[PDB]
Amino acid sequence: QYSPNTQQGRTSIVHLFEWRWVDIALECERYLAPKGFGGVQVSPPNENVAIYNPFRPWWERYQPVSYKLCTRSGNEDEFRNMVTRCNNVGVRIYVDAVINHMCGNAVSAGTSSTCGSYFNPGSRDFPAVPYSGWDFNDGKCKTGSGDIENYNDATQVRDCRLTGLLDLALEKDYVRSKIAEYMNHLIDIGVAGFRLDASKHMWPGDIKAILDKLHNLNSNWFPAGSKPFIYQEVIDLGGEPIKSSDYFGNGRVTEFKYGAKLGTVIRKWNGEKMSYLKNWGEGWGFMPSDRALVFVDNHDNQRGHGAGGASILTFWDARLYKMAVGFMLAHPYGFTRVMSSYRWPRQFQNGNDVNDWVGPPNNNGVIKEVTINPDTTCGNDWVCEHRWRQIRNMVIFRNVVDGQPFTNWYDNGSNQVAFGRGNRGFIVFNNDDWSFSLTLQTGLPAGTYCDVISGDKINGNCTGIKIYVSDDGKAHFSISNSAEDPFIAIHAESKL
């Protein structure tokens, strides 16, 4: 469960949040494969409640109605077409598996669902699965409300309703089997793995019992005996009885400490400085690198959901965001996930975004196509961070340097830092309020290298900055604190 099953030489996943299957299929072929992306995390592909108040929020996709592959991203034929086309160009698909719960217990009964299936939350009736009242934890939960009330009580966190979401009885073989049926359907289509939603809200052994029922990956694309990559969403910032390590038997685990701390460092909040990143990783109290799924922001915390956190960096803070993503992609710790977002009309009243619920760009609830502009950015209010040059080129940096040791660290005692990855790449950051002008040991072979932050290598030349590495491996770097992108990155495949 720990191997990502990406092609060799591809080292990151991109979350194409709320994208349609037909758009992802095209993206695989026209962009993700030639740019060396390892795979795509997709939004939940199973039927969910169509919530009309507020109007079609993103979070309706976390309220299942059935396991039919029928959503605003598309139908089963489109989903299958996408997985096939992506695998055929070497780009994997990872499914957001929403298996802890069905929908909210206060949702009205009817057919307000993305495939029109009938469901009745009050009576616990989900006949398109089917599930009945026997399949929920209503009798097992011990709180007075039936909901989770106290995170200091690990039992209620698992057995009670998260914010009223009907909690599936994952200790029952019937329920485990219906979930496995769904996940095996997806495996056989060709999915390479799963993001397991709300993993803290499930017992590790119930997750295990489900995974035990799963097939090996599709043997047309994956070697015999390949297992789905599993990465579990567990928010563990410390101080709770449930720990991310409790889930290591099932797969990797999201390291939410990563983006929380990195955001505070890059914002220069709380006395933090980039020079302290010299021991980034386990030295900062993070889980083992071979289990961490790392990221700057995710779909919840870029809008204050989940654990939130004011320090989280997002596309709204583009300059600092690019720096944080760049540091993450250059540093060997963890398996990296890049976010790809849509814009929404963020509006703060008191201190909260009252539009944090807004769903993807849409016309009367129909998700808009991802249109591609001539400069390779996206239209229709899709942000497409994964197409920003500075991020796309850092995805390739990570591939080029894969396996190479962290080395040649420099810092000025403040926020001017640099480091290399063996003899294959070097990166330099200036987050201080003055210019960084210095000759540094890069560890690289002598030559002229294109800076992949400011430009690209093409036709034996560079479209941005050029760095000149001498025979002794030293090169001069000058980065103004006024730079739009105050970091420079060079690697073996950007050498002229």
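Quick note: we count residues from 1 along the sequence shown, nothing fancier.
On average the C-alpha atoms of 144 to 152 have higher B-factors than those of the other stretch, with 144 to 152 and 421 to 429 being the two compared. Per the PDB record, of the two stretches 295 to 303 and 164 to 172, 164 to 172 carries the greater mean B-factor over its C-alpha atoms.
Within the group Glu282, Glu385, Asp188, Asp96, the record's highest C-alpha temperature factor is found at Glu282.
Which of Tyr342, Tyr321, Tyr231, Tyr118 has the largest Cα B-factor in the deposited entry comes down to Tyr118. Remark: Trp59 belongs to the lowest third of its chain, ranked by C-alpha B-factor as recorded.
Ranked against the other modelled residues of its chain, the C-alpha B-factor of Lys213 as given in the entry falls in the middle third. Among all modelled residues in its chain, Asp485 ranks in the middle third by Cα B-factor. In the PDB entry, a CA B factor belonging to the lowest third of its chain's modelled residues is recorded for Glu29. When all modelled residues of the chain are sorted by CA temperature factor, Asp451 is found within the lowest third.
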